[PDB]
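Quick reminder, even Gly has a Cβ in these numbers, built from the backbone with ideal geometry, and neighbours come from all protein chains shown. Taken together, the values in this text are just the output of simple stated rules run on the coordinates, not laboratory data.
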Amino acid sequence: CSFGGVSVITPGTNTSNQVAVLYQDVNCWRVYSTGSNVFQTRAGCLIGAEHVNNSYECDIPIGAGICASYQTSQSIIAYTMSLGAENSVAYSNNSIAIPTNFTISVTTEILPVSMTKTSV
Amino acid sequence: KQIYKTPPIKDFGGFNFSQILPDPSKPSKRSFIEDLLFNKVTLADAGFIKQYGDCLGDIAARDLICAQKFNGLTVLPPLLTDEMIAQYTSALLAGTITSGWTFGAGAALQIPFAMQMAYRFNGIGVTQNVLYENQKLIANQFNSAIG
Amino acid sequence: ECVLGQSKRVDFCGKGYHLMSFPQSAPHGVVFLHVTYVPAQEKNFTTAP
Amino acid sequence: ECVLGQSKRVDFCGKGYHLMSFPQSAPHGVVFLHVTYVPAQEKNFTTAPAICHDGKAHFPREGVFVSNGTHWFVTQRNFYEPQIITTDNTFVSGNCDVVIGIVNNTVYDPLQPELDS
Ligand SMILES: *[C@@H]1O[C@H](CO)[C@@H](O[C@@H]2O[C@H](CO)[C@@H](O)[C@H](O)[C@H]2NC(C)=O)[C@H](O)[C@H]1NC(C)=O
Ligand SMILES: *[C@@H]1O[C@H](CO)[C@@H](O[C@@H]2O[C@H](CO)[C@@H](O)[C@H](O)[C@H]2NC(C)=O)[C@H](O)[C@H]1NC(C)=O
Ligand SMILES: *[C@@H]1O[C@H](CO)[C@@H](O[C@@H]2O[C@H](CO)[C@@H](O)[C@H](O)[C@H]2NC(C)=O)[C@H](O)[C@H]1NC(C)=O
Ligand SMILES: *[C@@H]1O[C@H](CO)[C@@H](O[C@@H]2O[C@H](CO)[C@@H](O)[C@H](O)[C@H]2NC(C)=O)[C@H](O)[C@H]1NC(C)=O
Ligand SMILES: *[C@@H]1O[C@H](CO)[C@@H](O[C@@H]2O[C@H](CO)[C@@H](O)[C@H](O)[C@H]2NC(C)=O)[C@H](O)[C@H]1NC(C)=O
Ligand SMILES: *[C@@H]1O[C@H](CO)[C@@H](O[C@@H]2O[C@H](CO)[C@@H](O)[C@H](O)[C@H]2NC(C)=O)[C@H](O)[C@H]1NC(C)=O
Ligand SMILES: *[C@@H]1O[C@H](CO)[C@@H](O[C@@H]2O[C@H](CO)[C@@H](O)[C@H](O)[C@H]2NC(C)=O)[C@H](O)[C@H]1NC(C)=O
Ligand SMILES: *[C@@H]1O[C@H](CO)[C@@H](O[C@@H]2O[C@H](CO)[C@@H](O)[C@H](O)[C@H]2NC(C)=O)[C@H](O)[C@H]1NC(C)=O
Ligand SMILES: *[C@@H]1O[C@H](CO)[C@@H](O)[C@H](O)[C@H]1NC(C)=O
Ligand SMILES: *[C@@H]1O[C@H](CO)[C@@H](O)[C@H](O)[C@H]1NC(C)=O
């Protein structure tokens, strides 16, 4: 009788007590509850999140290109994640671009070197 | 993190990138060679949504994925779709074709492709005049190697 | 080091002198098309320091 | 490869052209401060592979031929610094018919005005 994976999407309980539930293996039903905001993603049926048309960077990865976030009253939104700004290079067979100035950047890189030594 | 678009009309000194640049005729914005690559590797299951009504019956025992799901073993879908990975690779190709290596170090600075090849011939200890004097032969060799 | 640049590391990106590489996406992986310069048709000469 | 030297590997030590790095000790780890050179404020120019002067192709020794619309210069690749094209900036290789994109300009000679005096 039992079948199908279930994931619950939450902002921190410190922030809210709303949740959205993802029913992979359901094509919107075998759901715990349904209401408004039923959205069918390729990872399953997402219930409890409002689907928007914008695209943002990922906040909570849902899968198959969909992310969720808690944005503004407040609510949980689901969207297609944005890969970055669309750009274009003005290429031609005789045009070049030469930098006339520069920046001195200083970036940080953190690497673990050791872990805790333990005895039992 | 910049999605460089492919230049409209391809004038790359005789170098042909048609086989590796994204193809709009196809539903996926995948190149020709990427499709050859995706037809070779066969996956266990495509879609990540197998419904209960599909596994209902003796199809449960017959199908392997149904037998896995009925015992609690789930396969989770990846976060990036194959179309998104294809957009990333097309951005890398459009950045490396039109700007050389400059797009990896900062803003993409355009440069004619044959001039970039002359740079790279310098990079291995061959004077650029060799490239400019065998431009057509080198482009033909590259095209046949891609083919 | 091979799509975003030109590598001098030997055999890191193809056999030969690396010119450039092109990434292609495969299922669960990545395919690199390494373009290298391979010398051909050698000829003997007399030399001197 | 980045504190005890300068790395040419792309993106091995910071995004940009690596200048130097400084190690800092963190708990159970290490922190590198990668100092890189990032080009800025690009500007478009017209360029050319070679240059015809006397029925000979002239290629730049180091740098690229650029023009501000009327006058042709040779500049280094990562910083705009135009200079007058000269037989010191360039080298000759063959005649003109072979290079596609070659451009007609004059190639100055530093000796010519002097020895006449
Ligand atoms: C959920 O079901 C619908 C139909 O019940 C699927 O949409 C169909 O997808 C197939 C792909 O082979 C098309 O041939 C059909 O024409 C589509 N039907 C409709 C009504 O558009 C949908 O793909 C299923 N969802 C998922 C993500 O599996
Ligand atoms: C290169 O960029 C620097 C900025 O990093 C420019 O220096 C600035 O110059 C303006 C006036 O020209 C001052 O108001 C700023 O305070 C300067 N900034 C710093 C940090 O000194 C510099 O002029 C630029 N060079 C070129 C070629 O334009
Ligand atoms: C790049 O290569 C493709 C093939 O790999 C060329 O497409 C061919 O073009 C010729 C004549 O235009 C046709 O007869 C072939 O049938 C085409 N093949 C395919 C599969 O498309 C394309 O023309 C080349 N690009 C350039 C600019 O030469
Ligand atoms: C460079 O010189 C060597 C020495 O003559 C050539 O190698 C010989 O080639 C002949 C075939 O004609 C063999 O029978 C010999 O055994 C080879 N080695 C020796 C030790 O003599 C070599 O072919 C020449 N290379 C080129 C590209 O001309
Ligand atoms: C170099 O030249 C290109 C082409 O003129 C410039 O790119 C264009 O910028 C305008 C805005 O003024 C856009 O409307 C065009 O769509 C851009 N591209 C094309 C294809 O024309 C570019 O800004 C110039 N770069 C610099 C630094 O001057
Ligand atoms: C391109 O650069 C050259 C050299 O910088 C410019 O020519 C000079 O322009 C200044 C300003 O009027 C004059 O005082 C010099 O005598 C000029 N030199 C010569 C020999 O012509 C030229 O004007 C620039 N062209 C453009 C259109 O930017
Ligand atoms: C750069 O490209 C332009 C066009 O994209 C080339 O201009 C052509 O030049 C030939 C000369 O034989 C003319 O017959 C064509 O009519 C021109 N095309 C157009 C539409 O202007 C130009 O020659 C190319 N330059 C290089 C560096 O090869
Ligand atoms: C660049 O200069 C060369 C020679 O200085 C020009 O070639 C001449 O072109 C004319 C007309 O086509 C011919 O009658 C001459 O016989 C050519 N001379 C030689 C020796 O080739 C060339 O046309 C110039 N290029 C441009 C576009 O101005
Ligand atoms: C999270 O918890 C802290 C301390 O409990 C609280 O100060 C903060 O307001 C909480 N965050 C939100 C947005 O409610
Ligand atoms: C998103 O866009 C589609 C078509 O572009 C439209 O049908 C749909 O109503 C839009 N959704 C929202 C939330 O407005």
Q | Sites B:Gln51 and D:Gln41, calculated FRET efficiency, Cβ-Cβ separation with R0 51 Å, nearest 0.05 | A | 0.35
Q) For the protein assembly as shown, what is the charge dipole size about the Cα centre, in debye to the nearest 20, if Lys and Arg each add +1 at the Cβ and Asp and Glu each add -1 at the Cβ? A) 700
**Q.** chain B: DSSP helices with Cα axial extent of at least 20 Å and average Kyte-Doolittle hydropathy no lower than -0.5
**A.** B:82-98
Q. For segment B:10-147, with equal point scatterers placed on the C-alpha atoms only and solvent neglected, what are the log10 I(q)/I(0) values from the Debye formula at q = 0.12, 0.13, 0.16, 0.18 1/Å, to two decimals?
A. -0.68, -0.74, -0.94, -1.10
Q: Taking the Cβ of B:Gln110 as the centre, find all other residues whose Cβ is under 12 Å away and add up their charges (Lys, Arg: +1; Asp, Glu: -1).
A: 0
(Q) Under the rule of at least 5 residues apart or a separate chain, name every residue whose amide H is placed under 5 Å from the amide H of D:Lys43. (A) A:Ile98, A:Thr100
Q. Taking chain D as a Gaussian network, Cα atoms linked when under 10 Å apart, which of D:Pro82, D:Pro39, D:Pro49 shows the biggest mean-square fluctuation?
A. D:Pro39
Q: With r as the distance between the Cβ atoms of A:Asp59 and A:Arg30 and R0 = 30 Å, compute the FRET efficiency 1/(1 + (r/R0)^6) and round to 0.05.
A: 0.65
Q.
Can you tell me, using C-alpha contacts under 8 Å and at least 6 residues apart, the relative contact order of chain D as a whole percent?
A. 19
Q) Sequence-distant or interchain residues sharing an amide H contact under 5 Å with B:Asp23, placed H: which? A) B:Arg30, B:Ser31
Q. Which residues' amide hydrogens lie under 5 Å from the amide hydrogen of D:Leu19, considering only partners 5 or more residues apart or on another chain, with H built in the peptide plane?
A. D:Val35, D:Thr36, D:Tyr37
Q. Just how large is the dipole of segment A:1-116 about the Cα centre, in debye to the nearest 20, putting +1 at every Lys and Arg Cβ and -1 at every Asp and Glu Cβ?
A. 240
Q. Taking chain B as a Gaussian network, Cα atoms linked when under 10 Å apart, which of B:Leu79, B:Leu137, B:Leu92 shows the biggest mean-square fluctuation?
A. B:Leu79
Q | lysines with Cα under 22 Å of C:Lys8, excluding same-chain neighbours fewer than 8 positions away | A | D:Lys8, D:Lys15
